Amino acid sequence: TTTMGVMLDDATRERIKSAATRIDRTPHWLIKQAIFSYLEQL
Amino acid sequence: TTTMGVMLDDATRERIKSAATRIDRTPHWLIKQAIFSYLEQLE
Ligand SMILES: [Cl-]
Ligand SMILES: [Cl-]
């Protein structure tokens with residue numbers, strides 16, 4: 001395991017927080033979902 | 001702008017590096033692309 005940095009402008013971060021919160025999840029959860037979803041589709 | 005951490009296992013990180021290399025982009029590019037694609041799909 002390692003940790004990479006993600007740079008987020010404040011609008012995107014608010015969006016991520018809003019999308020995550022409405023389904024009882026967190027920004028970190030969402031970002032991992034996004035990444036895996038993306039790599040799967042490949 | 002602010003910076004958030006993302007925890008990645010080696011398998012996922014290799015996938016990311018390989019996928020991005022195929023299209024002449026970087027891991028950072030790919031991750032932002034994944035995030036935005038995901039946000040757009042939720043709706
Ligand atoms: Cl879950
Ligand atoms: Cl591009």
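The record lists X-ray crystallography as the method behind this PDB entry and 2.10 Å as its resolution.

A count of helices and strands for chain B gives two helices and one strand. Going from N to C terminus, chain B has its helices and strands arranged as β-α-α. Each principal axis of the C-alpha distribution contributes one length, and for chain B these read about 30 × 20 × 20 Å.

Not every positive phi belongs to a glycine, and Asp 24 of chain A is a case in point at roughly 60°. Along the chain, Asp 24 of chain A falls in the loop between α1 (10–21) and α2 (27–41). Non-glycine residue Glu 43 of chain B carries a positive phi angle of around 135°. For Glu 43 of chain B, the location among the structural elements is in the segment after α2 (27–41). Overall, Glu 43 of chain B belongs to the exposed group, its relative accessible area being 80%.

Turning to its location among the elements, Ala 19 of chain A is positioned in helix α1. On the basis of relative accessibility, which here comes to 14%, the residue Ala 19 of chain A falls in the buried class. With 20 residues separating them along the chain, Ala 19 of chain A and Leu 39 of chain A place their C-alpha atoms 20 Å apart. Apart from residues lying up to four places away in sequence, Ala 19 of chain A is in contact with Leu 30 of chain A together with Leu 39 and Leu 42 of chain B.

Bringing the packing of aromatic side chains into the picture now. What the rule picks out here adds up to zero aromatic pairs over all chains. Here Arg 25 of chain A stacks its cationic end above the ring of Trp 29 of chain A, 5.5 Å away from the centre of that ring. In this arrangement the basic side chain of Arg 25 of chain B is found over the ring face of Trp 29 of chain B, its NZ or CZ atom lying 5.5 Å from the centre.

Cut-offs used in this document
- Residues numbered from 1 in each chain as written, not as in the entry; some residues may be left out.
- Chains lettered and ligands numbered in written order.
- Heavy atoms only, no water.
- Residues with missing side-chain atoms left out of burial classes, pairs and counts.
- Helix = DSSP H or I, 4+ residues; strand = E, 2+ residues; numbered from the N terminus.
- Buried < 20%, exposed > 50% of the residue type's maximum accessible area, 1.4 Å probe, protein only.
- Contact = heavy atoms within 4.5 Å.
- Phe/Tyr/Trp six-rings, centres within 6.5 Å; stacked < 30°, edge-to-face > 60°.
- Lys NZ or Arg CZ within 6 Å of the ring centre and 35° of its normal.

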